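K.L.:
Here goes the first bit of my complex:
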Amino acid sequence: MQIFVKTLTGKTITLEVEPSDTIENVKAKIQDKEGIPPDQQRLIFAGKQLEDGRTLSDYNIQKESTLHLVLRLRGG
């Protein structure tokens, strides 16, 4: 199925995935497309940050859903 990612500049990119694909696998695809290292990506959907080790279906991500890609401004 296809899903989208809204990237840092607001560009949207398109991924082909399966519900059973792991979030890490998704970040790997984003990296193929955008060259951001997976450890730097955070993906947000329905208010949850997607975690490595889960799959898309654990987050109920449907065909043509959009994941929102952000990085980090570390501070403390």
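P.N.:
Happy to help now that I have it. Numbers count the residues shown, from 1 in each chain, chains lettered A, B, ... in the order given.

K.L.:
C-alpha from now on. contacts and neighbour counts both.
P.N.:
Fine.

K.L.:
need the contact list for residue A:36.
P.N.:
residue A:30 (Cα atoms under 8 Å, 6 or more residues apart in numbering).

K.L.:
Tell me the secondary structure of it, please.
P.N.:
coil (DSSP: H, G, I helix; E, B strand; the rest coil).

K.L.:
ok, it to residue A:28 distance?
P.N.:
To residue A:28, residue A:36 is 9 Å away according to Cα to Cα, to the nearest Å.

K.L.:
How about residue A:6?
P.N.:
16 Å.

K.L.:
what are the phi and psi values for the closest residue to residue A:7 other than its chain neighbours?
P.N.:
The shortest distance from residue A:7 to any non-neighbouring residue, by Cα to Cα, 6 or more residues apart in numbering, is to residue A:69 (5.2 Å). Taking degrees, to the nearest 10, you get phi -90, psi 130 for the backbone angles of residue A:69.

K.L.:
Residue A:69 against residue A:40, yeah?
P.N.:
No. Using Cα atoms under 8 Å, residue A:69 makes no contact with residue A:40, being 10.0 Å away.

K.L.:
Of those two, which one has the most company?
P.N.:
residue A:69 (20 against 10; other Cα atoms under 10 Å).

K.L.:
list the contacts for the nearest residue to residue A:20 once chain neighbours are set aside?
P.N.:
Nearest non-adjacent residue to residue A:20, counting by Cα to Cα, 6+ apart: residue A:55, 5.5 Å away. Applying Cα under 8 Å, 6+ apart, we find residue A:55 in contact with A:19, A:20, A:21, A:22, A:23.

K.L.:
Check the secondary structure at the first one for me.
P.N.:
To tie it back to what came earlier, the one meant is residue A:19. On the three-state scheme (three-state DSSP), residue A:19 is labelled coil.

K.L.:
How about the most centrally placed residue in chain A: which residues does it bridge to?
P.N.:
The centroid of chain A falls nearest to residue A:43 when counting by Cα atoms, centre = their mean (4.3 Å). Here residue A:43 sits in beta bridges with residue A:69, as judged by DSSP bridges.

K.L.:
residues in contact with residue A:68?
P.N.:
A:5, A:6, A:7, A:43, A:44, A:45.

K.L.:
what sits against the last one?
P.N.:
In other words, residue A:45. Counted by Cα under 8 Å, 6+ apart, residue A:45 has contacts A:59, A:61, A:66, A:67, A:68.

K.L.:
give me the number of residues near residue A:29?
P.N.:
17.

K.L.:
close enough to count as contact, it and residue A:15?
P.N.:
Yes. Residue A:29 is within contact range of residue A:15, at 7.3 Å (criterion: Cα under 8 Å).

K.L.:
on that earlier part again, make TSV out of the contacts of residue A:68 and add distance to residue A:76.
P.N.:
Shown next, in TSV, are those (distance: Cα to Cα, whole Å):
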residue	distance to residue A:76
A:5	29
A:6	28
A:7	26
A:43	22
A:44	22
A:45	26
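
K.L.:
one more, chain B:
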Amino acid sequence: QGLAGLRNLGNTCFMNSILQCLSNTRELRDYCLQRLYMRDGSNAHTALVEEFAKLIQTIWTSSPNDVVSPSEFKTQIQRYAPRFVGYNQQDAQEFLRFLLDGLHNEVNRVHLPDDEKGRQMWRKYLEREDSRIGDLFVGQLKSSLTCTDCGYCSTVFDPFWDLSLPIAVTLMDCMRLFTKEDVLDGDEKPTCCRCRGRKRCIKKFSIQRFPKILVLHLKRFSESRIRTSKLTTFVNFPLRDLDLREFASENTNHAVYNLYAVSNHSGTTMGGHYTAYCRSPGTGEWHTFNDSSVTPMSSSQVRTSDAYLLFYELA
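P.N.:
One more piece, chain B, placed on the ones above:
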């Protein structure tokens, strides 16, 4: 009074900044102070909502220049998000996302026209995720994907608890960038389910349901061959009357917000400091919270290029 500062436990200003923003989120604060939470989960755990609420109750029964320790609280958010176990510098929006997800889970009560599809998707979402926390933050995006070959418009509806906005500068500019017709072509060509082949498509967001509290997260980041850096662009956001009607899926649906809190970051993507500016629910007056230090400020000092998360309440 609500002007207690929070103790920095070691690079925890990202955490303190968000907690003050939530402390001054009126309906969320009240929920804790009336302990409606005890009345109200996805598992057996309640200690995160308990310590969060006791922290808010302590801030709001405190005297100015009291400093409150969020130590007990931190111990509990760590169990949801082990990322926060240490005392490293961290991202406030990541923190906000895990914190609200944790609170939410602990008090969780659980072919058509597009309009109707949206309303049914929404019900499906609330059948799974329904809490007082969600009540406050949750909204619904509509995404329309139109094939430029056959003209089919495929619509889907995704819940959101905040919006992460590209930086175009005015806040409205950033919202227009978020909601613009995105042309999906070349390597991004989607498969049209009617054409059943890859076609140039146009994808566009609009807001189908507006939340009571709208958190906007500015994507202050730029990826380059040369370097990943923070964008320090000044994004001019209004204090009052942020009117989002032009972004609504339905023509009339009125959606006007006033600011009440801002989480500020200063630095790079790799390190820096956070503070908060927050308007007191009771008095309407703004204060700067920089950990243990709380000082009055004027609303004319609230817009700065350090703003990273904006907390708006629906008027």
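
K.L.:
quick recheck of the contacts of residue A:68 now chain B is there?
P.N.:
A:5, A:6, A:7, A:43, A:44, A:45, B:164 (Cα atoms under 8 Å, 6 or more residues apart in numbering or on different chains).

K.L.:
and with 7 Å instead?
P.N.:
For residue A:68, the contact set (Cα atoms under 7 Å, 6 or more residues apart in numbering or on different chains) comprises A:5, A:6, A:7, A:43, A:44, A:45.

K.L.:
Of the residues you listed, which ones also sit close to chain B?
P.N.:
Near chain B, judged by Cα under 7 Å from any Cα of the partner chain, the entries from the contacts of residue A:68 are residue A:45.

K.L.:
Include distance to residue B:176 when you put the contacts of residue A:68 into a markdown table, please.
P.N.:
As requested, these are exported to a markdown table (distance: Cα to Cα, whole Å):
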| residue | distance to residue B:176 |
| --- | --- |
| A:5 | 17 |
| A:6 | 14 |
| A:7 | 15 |
| A:43 | 21 |
| A:44 | 20 |
| A:45 | 20 |
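
K.L.:
residues contacting the closest residue to chain B within chain A?
P.N.:
Closest to chain B within chain A is residue A:76: 3.6 Å, counting by Cα to the nearest Cα. Residue A:76 sits next to B:11, B:12, B:13, B:14, B:89, B:90, B:272, B:273, B:274 when contact means Cα under 7 Å, 6+ apart.

K.L.:
Would you confirm that residue B:154 belongs to a strand?
P.N.:
Yes. Applying three-state DSSP, one finds residue B:154 inside a strand.

K.L.:
Could you measure from it over to residue B:139?
P.N.:
20 Å.

K.L.:
what do you get for residue B:291?
P.N.:
For residue B:291 relative to residue B:139 (Cα to Cα), the value is 31 Å.

K.L.:
mind listing the helices in chain B by residue range?
P.N.:
Along chain B, the stretches classed as helices by DSSP state H are B:13-23, B:26-33, B:36-39, B:47-60, B:71-80, B:92-106, B:114-126, B:132-137, B:171-178.

K.L.:
Tell me which of those helices sits nearest to residue B:185.
P.N.:
helix B:171-178 (17.9 Å; Cα to Cα).

K.L.:
Could you list the buried residues of the closest one?
P.N.:
Going by neighbour count (16 or more other Cα atoms under 10 Å in any protein chain shown), the buried part of helix B:171-178 is B:171, B:172, B:173, B:174, B:175, B:176, B:177, B:178.

K.L.:
any idea how far residue B:21 lies from chain A?
P.N.:
Remark: distance between residue B:21 and chain A (Cα to the nearest Cα, to the nearest Å) = 16 Å.

K.L.:
Close to chain B: what parts of chain A are there?
P.N.:
So far as Cα under 7 Å from any Cα goes, chain A lies against chain B at A:8-10, A:12-14, A:45-49, A:64-65, A:70-76.

K.L.:
thinking residue A:43 is in contact with residue A:51, fair?
P.N.:
No. Between residue A:43 and residue A:51 there is no contact, the gap being 8.3 Å when judged by Cα atoms under 7 Å.

K.L.:
tell me which element residue A:63 falls in.
P.N.:
Using DSSP states H and E, residue A:63 maps to neither a helix nor a strand.

K.L.:
Alright, calling it a day.
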